[PDB]
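Shown here is one chain on its own, the form deposited in one PDB entry, set out as C-alpha cells.
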C-alpha cells in the first residue's frame, strides 16, 4: 500500500462549499490595470522572486508598493493574484490594490497598499517578551483568516512578516507560494525555506494542509525565545530533518512515518539514527531567557509536532495561555 491519506482538522471543506470561481484560479480572467497610473519612487529591496519598489499612484496621490515579479509560469501569477484578491480586507494580510503589466516588457507587477520597510527579522532582537507575544498573535490572526479562506501560505518566516512597530501594525506578505487547500489533493513539497519546512515536506508527504504554516510559525517562535536563528540549522534537506530529530527525538518521528505509511529512503533511516527527545529547557542558557516562560515552552511544544494533524490550529493557538494577557490587553486597548 501507498501513503495513507490525510485531511485537515479544520477548514477542510471551505473551498468545496464556496463556488468554483473562488478557488479555480486557472479559469479566472485577470483584469489588468494601467501601469501608467503608477510611478516608481525608490527601491525598497530585492527578493529571490521579485524586486520591491516604493511608488505613488498619480491618480489619487496615494503611496503604494509595487512588486515587479521576475519571469514565472502564467499559472503561478494567476494563483497568487486570485489568492490576494480573495484575502483582500483580511486582518494583518497585505492588501492587493492593483495588478499591472509593463507596456513593453509585459512583466507583471503587483501593487499593494503602503507598508513600512521593516520586517520581523530586523526587530525580533529589540522587542520585549510581551512584544513577541503580541506580534505572534497578530501573525496567528492572519494565519487563521487565510486558513478559514481555504488558503495555505506555505512560506511563513520572519522575512515575510512586515512590522510597523510605531503603529503596532503587522502584515503577512509574499503569497507567491500560497495555494488553495482541497481535501485529498497532493501538493508540491518544494515550498517554504529550508529552516521552516515541516517534516511532511522533508519526508515527501504531499497530502499536507494548513498545519504546515503552524510548523513554520513554531520554528519562528523557537528562534526568537531562544535567540538562535535559525532554530533548526540544517545544511541540506536531509540534515534539516536530522536537526529536527536531535531536538524532538527519533521516537515520535518513526511513529509519524509509520502512521501515514511513508516510504523513506533506505539510507535515510540510517542517517536519522536514534535520538532522545530533548526538553525545551536545554536551549534557555541565560541571555535569551526572560523571553522564555512555562506557557511559552508549552505553546512551542504544541506547534513543533511531527504529526501535522497533532499540531495546534491557528485558532487553538490563539487561545493558548501564552496569549492570555495579550488577548486581555487587546480587548480593552484596541
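In this text, the rigid core denotes the largest set of C-alpha atoms whose superposition between the two forms falls within 1.5 Å. Positions refer to the first chain, counted from 1.
Keep in mind the form solved in complex with a partner chain is missing from the figure; the text below concerns it.
Relative to its partner chain in the bound PDB entry, residues 38, 102 and 109 are all within 4.5 Å by at least one heavy atom. In summary, among the residues 51, 301, 307, 295, the only one with a non-hydrogen atom within 4.5 Å of its partner chain in the bound PDB entry is 51. The chain is drawn here without its partner chain; in the bound PDB entry, the stretch among 142-150, 68-76, 162-170, 216-224 whose residues come within 4.5 Å of it by any heavy atom is 68-76. The closest non-hydrogen atom of residue 284 lies beyond 4.5 Å of its partner chain in the bound PDB entry. A residue is said to contact a partner when one of its heavy atoms sits within 4.5 Å of a partner heavy atom; residue 271 fails this definition for its partner chain in the bound PDB entry, lying far away. Only one entry in 281, 265, 26, 287 has its C-alpha moved by 2 angstroms or more between this form and the one not shown when the rigid core is superposed, and that entry is 265. Taking the rigid core as fixed, one finds a CA shift for residue 298 smaller than 2 Å between this form and the one not shown.
After superposition on the rigid core, displacement of the C-alpha of residue 62 between this form and the one not shown amounts to 2 Å or more.
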